């Protein structure tokens, strides 16, 4: 085990769920790439699962009771990556239905020069500097959600959340601004 190999022991497949994606989000690369293409909508069927107002998408996969790791690359100020539960309101207009505004979701925002940790309408600006690639580590029984900046020969802890998990969690993504994009790495 290299340093990164400690986390790769727990690698988990994550792909975007097309049935959740807001109509301004385009999915590519077998549901491993998402891009905000506002004001150009895409003709997705109307489904109760689909986010209506917040420009969000969930993973198809849920995680429950073990340790998990995956990597993403983020592009653009306004991107959030984190976790939520199935019961997040898909049709809501208010902050309780975005991934920075409730007590069952946790997320990390990139604003163009710093990351910010979000939980339940509370924000903590960080000074970690930029990282294109983030490693997302979930220790469900341990109540840990950690974000690492990942470079060739390095991992750097950006933020560790202490989380009171209950339901299975889904990877959750919020692409708040035009041209925001997130990709899930191979692993």
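Positions refer to the first chain, counted from 1.
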Residue stretch of maximal mean CA temperature factor, 156 to 164 vs 40 to 48: 40 to 48
Average Cα temperature factor in the PDB entry - higher stretch of 147 to 155, 131 to 139: 147 to 155
Entry-reported Cα temperature factor of residue 78, expressed as the chain third it lands in: middle
Chain-relative CA temperature factor third for residue 32: lowest
Entry-reported Cα temperature factor of residue 111, expressed as the chain third it lands in: highest
Among modelled residues of the same chain, the CA temperature factor third for residue 8: middle
Ranked against its chain, the third holding the CA B-factor of residue 124: highest
